[PDB]
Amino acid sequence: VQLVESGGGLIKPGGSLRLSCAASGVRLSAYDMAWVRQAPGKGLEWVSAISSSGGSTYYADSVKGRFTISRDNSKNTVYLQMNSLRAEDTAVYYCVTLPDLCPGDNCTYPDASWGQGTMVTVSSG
């Protein structure tokens, strides 16, 4: 399984960007997916997550209302729409799968994975 994020870059405060993550080697539908970020000088922080079906989602309070996570399993891609960006949203964004838990070693789930990350810089002047 391999995750590759794209859409990162430089944008002015107030802007909107859509990050995407394509999975290869395993159908994306097998995974509940999530976005994690790490701002300069800060620890890692959960941003958003979405179930394999797309019916359940998670959002950190810091981005609630401005960010929307979605997915297109047919394209094996997950997205993170980021609106009304702020300087504090500057960080490396990672797309990751969420572990599938098993009662004992009796499952045949595909392995979990982490993307390489993509930088998002919200600045001006």
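Numbering starts at 1 and runs along the sequence shown.
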item: Entry-level comparison of average CA B-factors, 69-77 and 30-38, reporting the higher stretch; value: 69-77
item: Highest-ranked of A23, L101, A112, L19 once sorted by CA temperature factor in the record; value: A23
item: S51 by Cα B-factor - lowest, middle or highest third of the modelled chain; value: lowest
item: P13 CA temperature factor, ranked by third within the chain; value: middle
item: Entry-reported Cα temperature factor of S62, expressed as the chain third it lands in; value: highest
